[PDB]
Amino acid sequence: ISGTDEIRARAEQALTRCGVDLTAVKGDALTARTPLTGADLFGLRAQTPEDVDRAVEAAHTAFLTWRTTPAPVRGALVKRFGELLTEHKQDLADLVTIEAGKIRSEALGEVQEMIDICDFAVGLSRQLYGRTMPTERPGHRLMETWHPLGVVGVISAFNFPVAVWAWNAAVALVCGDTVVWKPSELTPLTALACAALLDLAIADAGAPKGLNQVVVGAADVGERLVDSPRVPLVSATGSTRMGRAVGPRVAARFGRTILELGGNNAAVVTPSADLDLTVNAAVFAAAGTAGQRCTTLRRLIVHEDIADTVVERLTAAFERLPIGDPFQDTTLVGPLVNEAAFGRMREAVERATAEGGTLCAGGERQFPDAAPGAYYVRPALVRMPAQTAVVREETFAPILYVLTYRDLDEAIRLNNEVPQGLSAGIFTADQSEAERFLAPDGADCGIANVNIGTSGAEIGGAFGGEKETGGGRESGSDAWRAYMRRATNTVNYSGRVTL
């Protein structure tokens, strides 16, 4: 396993290359850390709640200029940012691996997501389409226009520490908004590097300095951002608890929220499923990112006629998964984020067996003496007699519960029964089963796929889910509309009014 001194030097190098002034951000209030060894990297300055208020003030002042800057000019800034991200892709990806623990190929993919949404937002900057339409009034004209909203508060999580902010910031900036970003306390360095690169693009563009600001600190900092009367939109990604904080209190001040609170995602495996395809897809979606994606596969609903062979094949695969240092290309499963994540995983597996389940593979901590402060775990495969309490309540860990069904409508009911609703997949060769799964009475999730897993999503699609996932959408399609305000304009050019 990579040494902590080596990791710290890599982090400082990447930060410096991305334009971070290490002397200016170091301090004693917070500590950067790495799940690779569990070690603290170095101390950081923190922001206070008054700092948040000052940051919102600076973002709002920037917004007053940015909102009348033509959207194609705002797109030119985002185009330049994408060029800088391309130039520093490896440096940023190193920070993503160091702080989030994800393997390098996934860290590079996450940085590429940033570049791709930049390119998409540059296209959007000439669109942001409203409508023109007839009016019933003679000698009048009617249209619908879209306008910049204001300061956007972005709350992101540890597991996608750069892509979620990029989704929000690339779209928000092209929409004429400004951004105040509160990253996860677990992943501040990625955010500092992102912000420094964007500040460089802002300088090159001659744009206002307050277009984007990062606030580093604990829960009190994020609370102050959520409560700000000058933040009309809060975009929050995290686990379910973040909804009951953020949603209601922003609603209480008549603000808007985009909430994406994770999922408890299932795939249905029908009798005609290609089992090699299904096993590969399930392994990648259940074990990838050590089960720490919003879209992670956590429930496999398998037809009773193939359930035994599917569990046998998955058991063999799970026993073969390469666990290790996420900087090694041979690794598929890196570490969990911290000790509490490991403890919660162990507690879920213990509860599952007490609720009648059978642990088929995985669950054991790997090479603890190689890094006693880090938690490398083999993903767990648990066969369950029913969708019990532990199955319905998501644990943010690599645990794949296997359930059986006979009738497709019951598989759909099992998919839909849980409180979350992010993504779902069906593996089938049957044309009708595929369509039934995607029909109005099929899977109820925001993402519903055929013959690809629960992480099957891309930039051009709206990303998000239903029920306790929170209802928000980000990235593609017309998700941008949540960052602007609609106006309906009637124009009288006839000189008369009804008497």
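For every residue, the number given is its place in the sequence shown, counted from 1.
- In at least a third of the other PDB entries of this protein that model the residues around it, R241 has no coordinates.
- Taking only CA atoms, the mean B-factor in the PDB entry is higher for 25-33 than for the other of 61-69 and 25-33.
- In this crystal structure, the stretch out of 317-325 and 156-164 whose C-alpha atoms carry the higher mean B factor is 317-325.
- In this entry, the residue among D369, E106, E410, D116 with the greatest C-alpha B factor is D369.
- The entry lists C-alpha B-factors for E110, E223, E136, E144, and the highest of these is at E223.
- Looking at the C-alpha B-factors along this chain, the one for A205 belongs to the highest third.
- Looking at the C-alpha B-factors along this chain, the one for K102 belongs to the middle third.
- Sorting the modelled residues of the chain by their CA temperature factor places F396 in the middle third.
- When the modelled residues of the chain are ordered by C-alpha B-factor, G291 sits in the lowest third.
- When the modelled residues of the chain are ordered by their C-alpha B factor, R80 lands in the middle third.
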